[PDB]
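Trainee: Take this structure first; my questions come after.
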Amino acid sequence: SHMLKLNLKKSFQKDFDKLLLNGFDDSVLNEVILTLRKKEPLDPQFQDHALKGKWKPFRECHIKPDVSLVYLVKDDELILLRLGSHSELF
Ligand SMILES: [Br-]
Ligand SMILES: [Br-]
Ligand SMILES: [Br-]
Ligand SMILES: [Br-]
Ligand SMILES: [Br-]
């Protein structure tokens, strides 16, 4: 029953506000967060994958083809780092 604790980093809060004010519909994002919080598997279409290099141990989930979520599960928390297109974030 217990979910991962959400940890929203400053950069994520800024990304998310900027997206909301330009029309973003967060329904799928909230499903994806709920899935990750319940330690349930993400469907293949999200192309969820571990990042490499300096971005380790973060993972990228493609909420939509132009919106990625960069996040980490550790310490019983779901840490949400960035939300935006791959082009803007990398
Ligand atoms: Br935007
Ligand atoms: Br799209
Ligand atoms: Br802990
Ligand atoms: Br961290
Ligand atoms: Br892109």
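Each chain in the structure tokens gets a letter, A, B, ..., in the order shown, and its residues are numbered from 1; ligands are numbered from 1 in order too.
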For the structure I just gave you, how does DSSP split chain A - specifically, which residues are strand (DSSP E or B)? Reply as a list in words.
Mentor: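 After running DSSP on the backbone, chain A has strand (DSSP E or B) at residues 5, 6, 7, 8, 49, 50, 59, 60, 61, 62, 63, 64, 67, 68, 69, 70, 71, 72, 73, 74, 77, 78, 79, 80, 81, 82, 83 and 84 of chain A.
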Trainee: Could you write out the selected residues, including N, CA, C and O atoms, as a CSV table (one decimal), in the first residue's frame?
Mentor:
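The resulting file, out_20.csv, is shown below:
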chain,number,residue,atom,x,y,z
A,5,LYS,N,8.0,8.1,-1.5
A,5,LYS,CA,7.8,9.5,-1.2
A,5,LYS,C,8.2,10.4,-2.3
A,5,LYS,O,9.3,10.3,-2.9
A,6,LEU,N,7.3,11.4,-2.7
A,6,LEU,CA,7.7,12.3,-3.8
A,6,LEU,C,8.7,13.3,-3.3
A,6,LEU,O,8.6,13.8,-2.2
A,7,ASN,N,9.7,13.5,-4.1
A,7,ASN,CA,10.7,14.5,-3.9
A,7,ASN,C,10.8,15.4,-5.1
A,7,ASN,O,11.5,15.0,-6.1
A,8,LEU,N,10.2,16.6,-5.1
A,8,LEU,CA,10.2,17.4,-6.3
A,8,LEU,C,11.4,18.4,-6.2
A,8,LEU,O,11.3,19.4,-5.4
A,49,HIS,N,14.1,4.3,-19.7
A,49,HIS,CA,15.5,3.8,-19.8
A,49,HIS,C,16.4,4.5,-18.8
A,49,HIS,O,16.2,5.7,-18.5
A,50,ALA,N,17.4,3.8,-18.4
A,50,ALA,CA,18.5,4.4,-17.5
A,50,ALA,C,19.4,5.3,-18.4
A,50,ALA,O,19.8,4.9,-19.5
A,59,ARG,N,17.0,8.2,-14.6
A,59,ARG,CA,16.3,7.5,-15.7
A,59,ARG,C,15.5,8.6,-16.5
A,59,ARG,O,15.1,9.6,-15.9
A,60,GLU,N,15.3,8.3,-17.8
A,60,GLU,CA,14.4,9.2,-18.6
A,60,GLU,C,13.1,8.4,-19.1
A,60,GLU,O,13.3,7.3,-19.6
A,61,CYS,N,12.0,9.0,-18.9
A,61,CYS,CA,10.6,8.4,-19.2
A,61,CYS,C,10.1,9.4,-20.2
A,61,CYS,O,10.0,10.6,-19.9
A,62,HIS,N,9.7,9.0,-21.4
A,62,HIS,CA,9.1,9.9,-22.4
A,62,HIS,C,7.6,9.9,-22.2
A,62,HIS,O,6.8,9.1,-22.8
A,63,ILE,N,7.2,10.9,-21.3
A,63,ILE,CA,5.7,11.1,-21.1
A,63,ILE,C,5.0,11.3,-22.4
A,63,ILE,O,3.9,10.6,-22.6
A,64,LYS,N,5.5,12.2,-23.3
A,64,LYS,CA,5.1,12.3,-24.7
A,64,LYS,C,6.4,12.4,-25.5
A,64,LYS,O,7.4,12.6,-24.9
A,67,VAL,N,7.9,15.5,-24.4
A,67,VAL,CA,8.1,15.8,-22.9
A,67,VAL,C,8.7,14.6,-22.3
A,67,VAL,O,8.0,13.5,-22.2
A,68,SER,N,9.9,14.7,-21.7
A,68,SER,CA,10.5,13.7,-20.9
A,68,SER,C,10.5,14.0,-19.4
A,68,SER,O,10.6,15.2,-19.1
A,69,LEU,N,10.4,13.0,-18.6
A,69,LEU,CA,10.6,13.2,-17.2
A,69,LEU,C,11.9,12.5,-16.8
A,69,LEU,O,12.2,11.4,-17.2
A,70,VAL,N,12.8,13.3,-16.1
A,70,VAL,CA,14.1,12.7,-15.7
A,70,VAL,C,13.9,12.5,-14.2
A,70,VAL,O,13.5,13.5,-13.5
A,71,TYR,N,14.1,11.3,-13.7
A,71,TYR,CA,13.7,11.0,-12.3
A,71,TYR,C,14.7,9.9,-11.7
A,71,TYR,O,15.5,9.3,-12.5
A,72,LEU,N,14.6,9.7,-10.4
A,72,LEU,CA,15.4,8.6,-9.7
A,72,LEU,C,14.6,8.1,-8.6
A,72,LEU,O,14.0,8.9,-7.8
A,73,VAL,N,14.6,6.8,-8.5
A,73,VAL,CA,14.1,6.1,-7.3
A,73,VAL,C,15.2,5.7,-6.4
A,73,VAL,O,16.1,4.9,-6.8
A,74,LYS,N,15.3,6.3,-5.2
A,74,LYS,CA,16.3,5.9,-4.2
A,74,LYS,C,15.8,6.4,-2.9
A,74,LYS,O,14.9,7.2,-2.8
A,77,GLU,N,12.2,7.1,-2.1
A,77,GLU,CA,11.6,8.3,-2.7
A,77,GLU,C,11.6,8.2,-4.2
A,77,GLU,O,12.4,7.5,-4.8
A,78,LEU,N,10.7,9.0,-4.8
A,78,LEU,CA,10.7,9.2,-6.2
A,78,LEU,C,11.1,10.6,-6.4
A,78,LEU,O,10.3,11.5,-6.1
A,79,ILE,N,12.3,10.8,-6.9
A,79,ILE,CA,12.9,12.2,-7.0
A,79,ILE,C,12.6,12.6,-8.4
A,79,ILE,O,12.9,11.9,-9.4
A,80,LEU,N,11.9,13.7,-8.6
A,80,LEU,CA,11.6,14.2,-10.0
A,80,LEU,C,12.5,15.4,-10.2
A,80,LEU,O,12.5,16.4,-9.4
A,81,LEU,N,13.3,15.3,-11.2
A,81,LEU,CA,14.4,16.3,-11.5
A,81,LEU,C,14.1,17.3,-12.6
A,81,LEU,O,14.2,18.5,-12.4
A,82,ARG,N,13.7,16.8,-13.8
A,82,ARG,CA,13.4,17.8,-14.9
A,82,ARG,C,12.2,17.2,-15.6
A,82,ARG,O,11.9,16.0,-15.5
A,83,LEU,N,11.5,18.2,-16.3
A,83,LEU,CA,10.3,17.8,-17.1
A,83,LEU,C,10.4,18.8,-18.3
A,83,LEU,O,10.3,20.0,-18.2
A,84,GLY,N,10.6,18.2,-19.5
A,84,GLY,CA,10.7,19.0,-20.7
A,84,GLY,C,11.1,18.2,-21.8
A,84,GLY,O,11.4,17.0,-21.7
Trainee: Hey, which residues come within 6 Å of ligand 1 if we count only C-alpha atoms and all ligand atoms? Could you give them as a PyMOL selection string?
Mentor: chain A and resi 18-19+22
Trainee: Compute the set of protein, DNA and RNA residues whose minimum atom distance to ligand 5 is at most 6 Å, using only C-alpha atoms and all ligand atoms, and state it as a list in words.
Mentor: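 Residues lying within 6 Å of ligand 5: residues 66, 85, 86 and 87 of chain A.
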Trainee: Give the answer as one residue: which of A:34, A:21, A:28, A:4 has the shortest atom-to-atom distance to ligand 3, using only C-alpha atoms and all ligand atoms?
Mentor: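 The closest residue to ligand 3 is A:4.
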Trainee: Compare A:2, A:12, A:65, A:40 by their minimum atom-to-atom distance to ligand 2, counting only C-alpha atoms and all ligand atoms, and give me the closest one.
Mentor: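 Of A:2, A:12, A:65, A:40, the one nearest ligand 2 is A:65, counting only C-alpha atoms and all ligand atoms.
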Trainee: Give me, please, the distance in Å between atom CA of residue A:25 and atom CA of residue A:89, quoted to one decimal.
Mentor: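 Atom CA of residue A:89 lies at a distance of 19.4 Å from atom CA of residue A:25.
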Trainee: Given the choices A:88, A:47, A:76, A:41, which gets closest to ligand 3 if the distance is worked out from only C-alpha atoms and all ligand atoms?
Mentor: A:76
Trainee: So which one's closest to ligand 2, A:11, A:46, A:16, A:54? Using only C-alpha atoms and all ligand atoms, please.
Mentor: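 Looking at the shortest contact to ligand 2, the residue is A:46.
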